[PDB]
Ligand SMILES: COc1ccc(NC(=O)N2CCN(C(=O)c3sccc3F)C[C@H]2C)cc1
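Below, in structure tokens: the form solved without this ligand, a single chain.
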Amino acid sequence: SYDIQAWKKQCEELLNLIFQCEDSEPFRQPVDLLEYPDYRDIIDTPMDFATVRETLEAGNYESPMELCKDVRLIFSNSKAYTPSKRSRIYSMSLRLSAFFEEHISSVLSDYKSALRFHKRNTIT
């Protein structure tokens, strides 16, 4: 892989897949405080897939690692807020996390390789 910019469209396509997945529905918009009134007593940094997509489309991610950090925050927030490791919403977050990780792995690898290639002659 050579193309330093290719990650962005790859991430757009992966977000499209995630938004079509039923398991994403609890995570597509910010958590509703009327539904979960003490959410911000537990969760310091909310995150959701609409926020991630908007950040990407605004040109506010520099790398796929930044996007990957925010997506992982969606899942760590679900784990931190879950009352049970058997709860429905958390259970959906685990399947969606596995899907995400399986797909993001090549995006990250190819970007990092492409960038190492770009920098291969940094010293000369």
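Numbers for residues come from their place in the sequence shown, where the first is 1. Residues that one form lacks are left out of the comparison. The term rigid core refers to the most C-alpha atoms you can superpose between the two forms while keeping them within 1.5 Å.
Note that the form deposited with this ligand bound isn't included here; everything after this is about it.
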Next item on the list: Assess the spot marked by 26, 47 and 77: is this ligand within 4.5 Å of a heavy atom from every one of these residues in the deposited complex?
Entry: yes
Notebook entry, point to check: Applying a 4.5 Å heavy atom distance criterion, does residue 31 contact this ligand in the deposited complex?
Noted result: yes
Check: Would residue 56 count as touching this ligand in the deposited complex under a 4.5 Å heavy atom rule?
Finding: no
Next item on the list: Note down every stretch of 3+ consecutive residues with C-alpha shifts of 2 Å or more between the shown form and the other one, superposition done on the rigid core, in sequence order.
Entry: 32 to 35
